[PDB]
Amino acid sequence: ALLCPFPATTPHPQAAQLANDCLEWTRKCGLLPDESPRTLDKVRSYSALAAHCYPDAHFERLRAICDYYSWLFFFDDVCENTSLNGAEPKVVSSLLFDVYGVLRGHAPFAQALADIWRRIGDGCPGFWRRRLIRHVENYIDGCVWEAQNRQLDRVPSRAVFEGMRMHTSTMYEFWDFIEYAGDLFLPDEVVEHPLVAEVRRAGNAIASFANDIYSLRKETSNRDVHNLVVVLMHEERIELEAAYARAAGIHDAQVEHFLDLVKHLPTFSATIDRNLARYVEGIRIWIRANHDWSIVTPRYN
Amino acid sequence: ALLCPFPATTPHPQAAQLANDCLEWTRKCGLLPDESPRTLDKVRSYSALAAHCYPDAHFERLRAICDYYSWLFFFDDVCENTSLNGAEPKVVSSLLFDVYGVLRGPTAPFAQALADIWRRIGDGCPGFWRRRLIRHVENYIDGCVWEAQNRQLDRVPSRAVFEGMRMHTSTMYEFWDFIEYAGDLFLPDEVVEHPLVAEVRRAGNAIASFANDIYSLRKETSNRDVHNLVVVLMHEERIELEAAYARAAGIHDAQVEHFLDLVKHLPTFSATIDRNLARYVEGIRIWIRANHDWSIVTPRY
Ligand SMILES: [Mg+2]
Ligand SMILES: [Mg+2]
Ligand SMILES: [Mg+2]
Ligand SMILES: [Mg+2]
Ligand SMILES: [Mg+2]
Ligand SMILES: [Mg+2]
């Protein structure tokens, strides 16, 4: 039902082993809420997503990303539930900063994140580490804002939600990981160039709004409001199906916008231009992978 | 210092009478905190800004816009002081929604004065434009409640989150809306929401807002406020003030160059719409230069 003009890509050749190793790591780190087939299948699903998003990565880099996918799904759920079940924003803030603090210098999640970070950190330069950390700090701010909305029993206005969703989605982190997974790093002058930044935002919006459309049933069952469809219903005073259609239109316009923008990328140098082209291709791969996965993942379905 | 590539324009020829009339309206409505000459000169200065920002508007439209400039300065200051002096976000939210609720109809000096402005503006605009303005007001309210959140939590927001929220707290999207009202030429939703046009609107918002942060830093820090690009840079990048001014100027200048490029590739819609879009973009240019010339000399900063 959504515009997805990007072709599918063969997943990483070691996808099966990746899922097995990742599941064992999540268990050993104590991150599984239970050992039901539903829970284990979800972890296997996240690992399938990772293997389709970064199909050309060296195995051990993909393994670290894969661990982060599962770690983040679980910890974001913990932080969401903390807020949904009535915690003050200060408590949500303390939880996030306490766990993510290991990126600069605590229950199951701090130690497990430190383990991921030790492996990723060894394969990346400082300027990229600061870039990822900033995107994490952006996400934390976005999550504390969500917690404030819940404390105030508020549905955010659409323009503000769409902006903040770019942070809560963590997709900027997963663009960062395109560089890590390919071992091809872009200088700040490139990713911060306003045209490239708008490409990154558009791809974020495509993936995040697709997630919203497909994750709507789960989030509404959870009494959560941070979903483009719910936000559209409240702002425009429309019913669910009409809001789905508006959300799809917004998604599709971002797709068209992305495709236009990437035809007019700024130029820097033969080497940087080639790395930027691989980075943008990585975003295209991620978008299609996310699209196909969202339709079938048991997390939403 | 800051890049301003947009030539200046003569102000509205009735600028002097406009300032006199606006001051008398501001006094009659009871919005003046006191009758000192520096308070009165602030109103005169904001009316001078209005007369430079919409120099071709019919006088009665410019007059309503002018009353809103001064109304907004005073009321935004009341909301800032409410939060700076310890109010919980819910109190800030209630103050804002109670006063701005009159944009939807009759429901305090500020609410009555806003209703008077809105009665006049509404008589000269279609419904879709009124909803657009009201939505941008609601975005700004969300932005202000978020600032109150940060102050309650003693948080300096990370830069990317601040820059996105600053687009709403600046109210510049409302003043782009007023370009349509001032010229009595209204763009359909499909045009202003087109992602390329939206990015033009955002870039212009950033140019004006980040210039305002740079020039309005000395007074915002004497107010114990952190919602300023320069301060946000110091905390995020761990740099000293002059370095942060330099970074902020570079970010401003990159948005300017981005804007200059984007407006050469506007989408086409129809004969009349394209003509009106060209006037709208030119209005943003006029506004940006008018704001630049005024910010350097205004008593407010
Ligand atoms: Mg979430
Ligand atoms: Mg979630
Ligand atoms: Mg979701
Ligand atoms: Mg303000
Ligand atoms: Mg202010
Ligand atoms: Mg300011």
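Quick note: numbers on chain B are straight from Swiss-Prot, i.e. 4-110, 116-309, in order.
Each Cβ is built from the backbone N, Cα and C atoms, and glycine gets one as well.
Per Swiss-Prot, the features are:
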BINDING   B:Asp79  Mg(2+) 2 binding site
BINDING   B:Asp79  Mg(2+) 1 binding site
BINDING   B:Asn220, B:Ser224, B:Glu228  Mg(2+) 3 binding site
MOTIF     B:79-83  motif 'DDXXD motif'
MOTIF     B:220-228  motif 'NXXXSXXXE motif'
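Features per Swiss-Prot, on structure.
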{"residue": "B:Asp79", "record": "Mg(2+) 2 binding site", "contacts (Cβ under 8 Å, 6+ apart)": "B:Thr179"}
{"residue": "B:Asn220", "record": "Mg(2+) 3 binding site", "contacts (Cβ under 8 Å, 6+ apart)": "B:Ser178, B:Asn299, B:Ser303"}
{"residue": "B:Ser224", "record": "Mg(2+) 3 binding site", "contacts (Cβ under 8 Å, 6+ apart)": "B:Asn236, B:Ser303, B:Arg308, B:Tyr309"}
{"residue": "B:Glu228", "record": "Mg(2+) 3 binding site", "contacts (Cβ under 8 Å, 6+ apart)": "B:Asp221, B:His235, B:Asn236, B:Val239"}
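Residues B:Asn220, B:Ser224, taken from the binding-site residues B:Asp79, B:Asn220, B:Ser224, are distinguished by a CB atom under 6 angstroms from ligand 6. Neighbouring residues of the recorded Mg(2+) 3 site, listed in sequence order and excluding B:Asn220, B:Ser224, B:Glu228, comprise B:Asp221, B:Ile222, B:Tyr223, B:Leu225, B:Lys227, B:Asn236, B:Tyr309 (Cβ within 8 Å of the Cβ centroid). In this structure, B:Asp79 are the binding-site residues from B:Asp79, B:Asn220, B:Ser224, B:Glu228 whose C-beta falls under 6 Å of some atom of ligand 4. The Cα of B:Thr110 and the Cα of B:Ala116, which border 5 unmodelled residues, are 11 Å apart. Sorting the motif 'DDXXD motif' (B:79-83) by DSSP state (H, G, I as helix; E, B as strand; all else coil) yields 5 helix, 0 strand, 0 coil. Secondary structure counts, DSSP: the motif 'NXXXSXXXE motif' (B:220-228) has 8 helix, 0 strand, 1 coil.
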